[PDB]
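S.K.: any chance you can model this:
(3 chains)
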Amino acid sequence: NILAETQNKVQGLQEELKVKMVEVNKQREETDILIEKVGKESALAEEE
Amino acid sequence: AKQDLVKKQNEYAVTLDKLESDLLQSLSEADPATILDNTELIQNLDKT
Amino acid sequence: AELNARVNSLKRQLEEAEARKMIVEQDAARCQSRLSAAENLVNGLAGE
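M.R.: Numbers count the residues shown, from 1 in each chain, chains lettered A, B, ... in the order given. The coordinates are given below.
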């Protein structure tokens, strides 16, 4: 019973961590794409 | 080889019962946030 | 001169964005490591 309660708490923590990884990773990918677009714009603007 | 095995089976049975008893007391004493980061508990689960 | 000033402001914004991305990426990596440790602990608890 003690092990089962600890396991349930661990499972909840793991699920929250996985959700954070899915969210933080998605945010990082979006930021990287935006940064690449900004860099291309700067490269074009600099040439002009 | 038989006699050594029988002595090994007795030894292993005493070590297993110590590990189970060590796990129950370690889980109760350790906090739910500490259990996830506790190195001793991760090592203990591998040994078992 | 106006174009150069705008380019400099854009570059400063890009550097700030890169720093935010770097720290955000390191936080995401730490979260992923914590999630993996939690998953290993959960697997051990389930086996027990």
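S.K.: I'd like the distance between residue B:24 and chain A.
M.R.: From residue B:24 across to chain A, the span is 6 Å (C-beta to the nearest C-beta, to the nearest Å). (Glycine included, C-beta is placed from N, CA and C.)
S.K.: for residue A:34, give me its contacts.
M.R.: residue C:17 (C-beta atoms under 8 Å, 6 or more residues apart in numbering or on different chains).
S.K.: equivalent analysis for the one 5 residues further on, please.
M.R.: Residues in contact with residue A:39 (C-beta under 8 Å, 6+ apart) are residue C:14.
S.K.: helix or strand: which one has the residue lying closest to residue A:6 once chain neighbours are set aside?
M.R.: In space, and not counting its chain neighbours, residue A:6 is closest to residue B:27: 5.1 Å by C-beta to C-beta, 6 or more residues apart in numbering or on different chains. Taking DSSP states H and E as the definition, residue B:27 sits inside helix B:2-29.
S.K.: buried residues in that helix?
M.R.: Buried residues in helix B:2-29, counting neighbours by 16 or more other C-beta atoms under 10 Å in any protein chain shown, are found at B:23, B:27.
S.K.: list the residues that contact residue C:37.
M.R.: So residue C:37 contacts B:36-37, B:42 (C-beta under 8 Å, 6+ apart).
S.K.: so the residue in chain A that chain B sits nearest to versus residue A:29, what's the distance?
M.R.: Of all residues in chain A, the one sitting closest to chain B is residue A:9 (4.7 Å; C-beta to the nearest C-beta). Plainly put, residue A:9 is 31 Å away from residue A:29 if you go by C-beta to C-beta, to the nearest Å.
S.K.: so which of the two has more stuff around it?
M.R.: When residue A:9 and residue A:29 are compared for neighbours, residue A:9 comes out ahead with 18 against 10, by other C-beta atoms under 10 Å in any protein chain shown.
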